[PDB]
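Worksheet: one structure, shown below.
Protein chains: 2
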Amino acid sequence: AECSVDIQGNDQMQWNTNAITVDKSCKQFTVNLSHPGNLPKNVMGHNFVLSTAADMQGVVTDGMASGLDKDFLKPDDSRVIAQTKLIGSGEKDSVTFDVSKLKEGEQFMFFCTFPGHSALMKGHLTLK
Amino acid sequence: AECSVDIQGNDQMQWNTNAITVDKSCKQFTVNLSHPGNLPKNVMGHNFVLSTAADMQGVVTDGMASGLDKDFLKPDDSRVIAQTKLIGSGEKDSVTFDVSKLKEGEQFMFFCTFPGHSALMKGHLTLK
Ligand SMILES: [Cu+2]
Ligand SMILES: [Cu+2]
Numbered sequence: 001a002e003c004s005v006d007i008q009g010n011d012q013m014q015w016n017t018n019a020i021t022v023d024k025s026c027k028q029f030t031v032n033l034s035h036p037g038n039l040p041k042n043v044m045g046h047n048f049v050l051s052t053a054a055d056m057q058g059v060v061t062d063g064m065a066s067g068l069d070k071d072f073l074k075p076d077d078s079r080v081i082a083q084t085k086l087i088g089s090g091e092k093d094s095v096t097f098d099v100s101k102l103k104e105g106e107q108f109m110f111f112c113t114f115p116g117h118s119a120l121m122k123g124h125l126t127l128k
Numbered sequence: 001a002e003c004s005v006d007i008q009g010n011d012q013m014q015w016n017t018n019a020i021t022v023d024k025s026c027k028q029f030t031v032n033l034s035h036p037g038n039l040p041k042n043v044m045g046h047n048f049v050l051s052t053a054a055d056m057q058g059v060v061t062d063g064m065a066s067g068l069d070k071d072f073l074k075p076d077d078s079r080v081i082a083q084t085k086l087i088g089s090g091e092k093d094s095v096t097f098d099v100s101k102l103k104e105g106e107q108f109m110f111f112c113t114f115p116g117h118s119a120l121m122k123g124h125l126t127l128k
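Chains as they are written, first to last, in the entry's author numbering: chain A, 1 to 128; chain B, 1 to 128.
Here you go:
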């Protein structure tokens with residue numbers, strides 16, 4: 001039944017969870033990102049970005065180059081399975097993706113592409 | 001069900017693969033580690049160490065303190081699911097573990113604890 005997870009990125013560059021498990025029952029999966037901090041998007045913006053483990057470094061690197069006004073994401077980046085907006089304190093964004101995009105046998109990571117954030121704001125997504 | 005994997009750690013501190021999928025059909029799984037490089041253990045020693053993604057930091061940190069002569073691993077580290085010994089150029093070691101030690105929705109990482117290597121020699125393992 002459970003095909004969504006609520007995730008928080010705070011003023012300390014921490015996710016409240018570093019592991020998400022997608023039930024193979026789920027045709028679609030929803031990530032509800034919120035920012036419970038006080039700092040604005042230009043200081044402590046967070047996004048939720050999902051890719052293969054192998055692709056994460058390249059997504060982080062090319063996102064950095066794209067800058068704040070592009071949510072630190074390379075536009076139309078085919079390595080990105082799912083992304084939210086970059087959000088600041090008190091904001092929220094959701095993303096729904098087809099679980100068909102998660103291939104059995106792949107390793108997945110989620111991360112924030114705000115420059116410097118992905119060192120601490122990284123987690124692993126798996127299927128149960 | 002292939003219930004083993006051949007893994008190489010080389011002189012450029014690369015795994016030949018950064019992703020292992022263990023077939024849920026496997027009661028046991030075997031890692032065959034080789035060092036195809038020419039650098040000896042004291043400069044380019046590799047081990048294969050498997051833990052949860054959560055435990056990897058602690059295992060790597062506690063491993064430093066043990067030094068070369070204890071394979072840069074905390075003795076009897078309950079967080080280590082599987083380990084090989086530390087090997088140098090043209091050496092081999094194998095480890096067999098029970099797949100019951102893995103859980104279907106949990107994230108596992110394999111890494112080398114030779115200080116500095118785990119930045120470049122970190123891979124992801126999941127139960128498929
Ligand atoms: Cu962030
Ligand atoms: Cu090594």
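Note that CB positions come from ideal geometry on N, CA and C, so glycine has one too.
When beta bridges are read from the DSSP output, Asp98(B) appears opposite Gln28(B). The closest CA to that of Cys112(B), considering only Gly105(B), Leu125(B), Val99(B) and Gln83(B), is found on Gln83(B). Counting only Cβ-Cβ distances below 7 Å, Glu104(A) has contacts in chain B at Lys128, in chain order.
A distance filter of 5 Å between CB atoms and the heavy atoms of ligand 2 selects the following residues in sequence order: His46(B), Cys112(B), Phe114(B) and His117(B).
Around the beta carbon of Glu106(A), 16 or more other beta carbons sit within 10 angstroms, so the residue counts as buried. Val49(B) sits in a strand when the DSSP states are folded into three classes. Between the alpha carbons of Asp76(B) and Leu125(B) lies a distance of about 22 Å. Contacts between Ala53(B) and chain A, judged by CB atoms closer than 9 Å, involve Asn18, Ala19, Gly123 and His124 in chain order. Using a CB distance cut-off of 7 Å, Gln107(B) counts as an interface residue toward chain A.
Collapsing the DSSP output to three states places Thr113(B) in coil. Here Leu86(B) is buried: its Cβ has 16 or more other Cβ atoms, across all protein chains shown, within 10 Å. Between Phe108(B) and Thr52(B), the gap from beta carbon to beta carbon is short of 7 Å. Taking the CA atoms as reference points, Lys70(A) sits about 28 Å from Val22(A). In the structure shown, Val43(B) falls within a helical segment according to DSSP collapsed to helix, strand and coil. Here the alpha carbon of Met13(B) sits roughly 6 Å from the alpha carbon of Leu120(B). The closest CA to that of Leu50(B), considering only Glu2(B), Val99(B) and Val80(B), is found on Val80(B). A distance criterion of 6 Å places the beta-carbon of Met121(A) in contact range of ligand 1, judged by its closest non-hydrogen atom. In the DSSP assignment, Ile87(B) forms a beta bridge with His46(B). The Cβ neighbour count for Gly123(B), taken over all protein chains shown within 10 Å, is at least 16; the residue is labelled buried. In the structure shown, the three-state DSSP call for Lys70(A) is helix.
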